[PDB]
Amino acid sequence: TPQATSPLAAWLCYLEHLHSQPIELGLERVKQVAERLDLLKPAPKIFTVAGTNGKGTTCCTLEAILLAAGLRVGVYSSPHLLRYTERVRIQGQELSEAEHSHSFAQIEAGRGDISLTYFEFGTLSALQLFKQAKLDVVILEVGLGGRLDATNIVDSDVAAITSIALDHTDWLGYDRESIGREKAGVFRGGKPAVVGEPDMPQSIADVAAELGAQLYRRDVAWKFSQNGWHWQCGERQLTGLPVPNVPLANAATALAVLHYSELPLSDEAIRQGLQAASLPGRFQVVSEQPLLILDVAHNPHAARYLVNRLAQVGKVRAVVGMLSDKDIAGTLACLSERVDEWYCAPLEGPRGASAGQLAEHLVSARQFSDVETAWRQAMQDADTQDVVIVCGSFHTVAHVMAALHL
């Protein structure tokens, strides 16, 4: 068992080898440990963000505005690209590995004989890191689902659902209603429940009513469009806003969370936040002439958004790797509406699809030995007017980031 002075990699190896399969399903274990360590109140204001797509960029938009307003802010996010330290930002910055090791050591001591999962352990450690930082606002990205996610042990002041879409091949009972019910478990009685999904399943309204949360839906209570763009909640209008480097829907969800939070925020901080907001690997431009873009899209809903974005930036060359338990067929079909040339590569581990599993869905494609090789060939092929897009999984993006030492 590692200690406070152990390298972070030792802590991660420890967590990766945890035998979590037989432990009791649900939040009782992690809740008990959080109580023991007084971790349930990481800041006086808490925002929890669930969704299929858009959690990270919603969180980063909240973060950018609140930081522009001079507040102390922490964000917990998952998964990571290159470094575990990406998962906890304070004042917009990653912490040292040594701070993480010390925090993990406090969690290890506090849990006693209670078993915890990797993500439970990580989430409690993030809460400890936030607590010691004396923050104004903490933003929690839900890891998976909502009702049973480790982040749902904390009572949020505003909760949000960013979108609802399928994000996995077939599964028992796995439909929009089921997906929505589970996410809505992050809602709280007497608190705003912000839904940025325009095609909202009824289950979300049902859970809000069951819990007594105040539901504020996109296209019902608030909406947006579009120099700049515009946002409205009843008679409140924010007009001619800067267009952020995040999907607009998610910036709009962020503004709604901030509006219903009642935090006092200047027009200036909102505009400055919007101009700053971005996240690595979310429509990230790495190079120009040819345009090289990285995007972690891994389901059809995300691919639809990416196609709509590519349309507004000559041939499109896609470097693609995906996980096998994802809807490969639907993701590739959607992307194929805009992609001209396909560069398929395998992903590693047991969950990765082979280049062949991708190519079998593509009328014409080339296959490569790995993502780096595919990407380098695309770059070699590209004319200055071309767009090279690296997509399909956070793993595919991460391979290219590591190759570029970004």
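From 1 onward, residues are counted along the sequence shown.
Enquirer: Quick one: classify how much of the deposited chain lacks coordinates between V313 and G314, choosing none, 1 to 3, 4 to 9, or 10 or more.
Expert: 4 to 9 residues are missing.
Enquirer: Gap size between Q226 and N227, counting deposited residues with no coordinates: none, 1 to 3, 4 to 9, or 10 or more?
Expert: 10 or more residues are missing.
Enquirer: Could you settle it for me: does 84-92 or 323-331 have the higher average Cα B factor in the PDB entry?
Expert: Going by the record's values, the stretch with the higher mean is 323-331.
Enquirer: Identify the stretch, either 217-225 or 303-311, whose C-alpha atoms have the larger mean B-factor according to the entry.
Expert: On average, C-alpha B-factors are higher across 303-311.
Enquirer: Check the PDB entry and point out which of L39, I46, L358, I65 has the largest C-alpha temperature factor.
Expert: Top of the list by C-alpha B-factor: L358.
Enquirer: Please pick out which of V30, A50, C60, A365 has the largest Cα B-factor as recorded in the entry.
Expert: That would be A365.
Enquirer: Which third, lowest, middle or highest, does the C-alpha temperature factor of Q284 belong to within its own chain?
Expert: Bottom third by C-alpha B-factor.
Enquirer: Could you say whether, by C-alpha temperature factor, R72 belongs to the lowest, middle or highest third of its chain?
Expert: Ranked within chain, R72 CA B lands in the middle tercile.
Enquirer: Please place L406 in the lowest, middle or highest third of its chain by C-alpha B factor as given in the entry.
Expert: Tercile = highest for this residue's CA B-factor.
Enquirer: Splitting the chain's C-alpha B-factors into thirds, which one does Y174 fall into?
Expert: For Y174, whose C-alpha B-factor we compare with every modelled residue in the chain, the answer is the middle third.
Enquirer: Split into thirds by Cα B-factor across the chain's modelled residues, where does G180 land: lowest, middle or highest?
Expert: According to the entry, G180 has a C-alpha B-factor in the chain's lowest third.
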